[PDB]
């Protein structure tokens, strides 16, 4: 039983329902090849200078990722394609508003480029959010997903070069005795395709077996605005923030947020007014 594949254009309304049911779906042509190209060029040098996840020079080292993984987050200051095209993706927003309507506004918990070196080993099978948001494990098993992860291929995903594994239906598993690589299927994808999973979908990066290919992806974890992002945009220069759309500003934590409660009193407000209203934050101003 393989991962369902859907078109970004023609099957839009079916995407969230497909993930909510099966725990994963592949969105064909999520990002155009041109956006993929520009993102790659813009992040290239930052990927090259990134040290190992647990570098001794970091004061929040990542001890979980392999030493042959490079992860670069806080992409807005680095990439125009990211902060303009990706952050305003119509497809992304429709899926997120489908997924998160019961809770309220959503934002970016982390947008990162990950590059895996040749012969990168497979990751252990896992659920996301367990090294940053312990609170998630205390949710009732049937609580609607509070975050989802778009894993966008920035280069080809093949079985040979370590394409992600997923276990279909595992977002609903409580008993984990059946977890094994034997239960997985692969996310074979062209650049610009995206694998969409929830925070409960059991998955792992695959083993790079060619010894020569360098696989790269854009992981966009989208989550309800009630949960704190893994990454901060507080240090992004104001001129960059004010070049964004109001929607993109909100996604980066440069706006107040709303819950879905009928008489919502809001998140990140200031004496009854919004961040953007208080700071007189401009939008859509070219650099």
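Positions refer to the first chain, counted from 1.
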| property | result |
| --- | --- |
| Given 185-193 and 145-153, the range whose Cα B-factors average higher in the PDB entry | 185-193 |
| 111-119 versus 207-215 - greater average Cα B-factor per the deposited record | 207-215 |
| Residue of maximum C-alpha B factor among 53, 45, 253, 223, per deposited coordinates | 45 |
| Maximum C-alpha temperature factor, selected from 64, 230, 240, 234 | 240 |
| Third of the chain, ranked by Cα B-factor, where residue 68 sits | highest |
| Record-listed C-alpha B factor of residue 245: chain third | middle |
| Ranked against its chain, the third holding the CA B-factor of residue 25 | middle |
| Residue 260 CA temperature factor, ranked by third within the chain | lowest |
| Third assignment of residue 176 from its chain's C-alpha B-factors | highest |
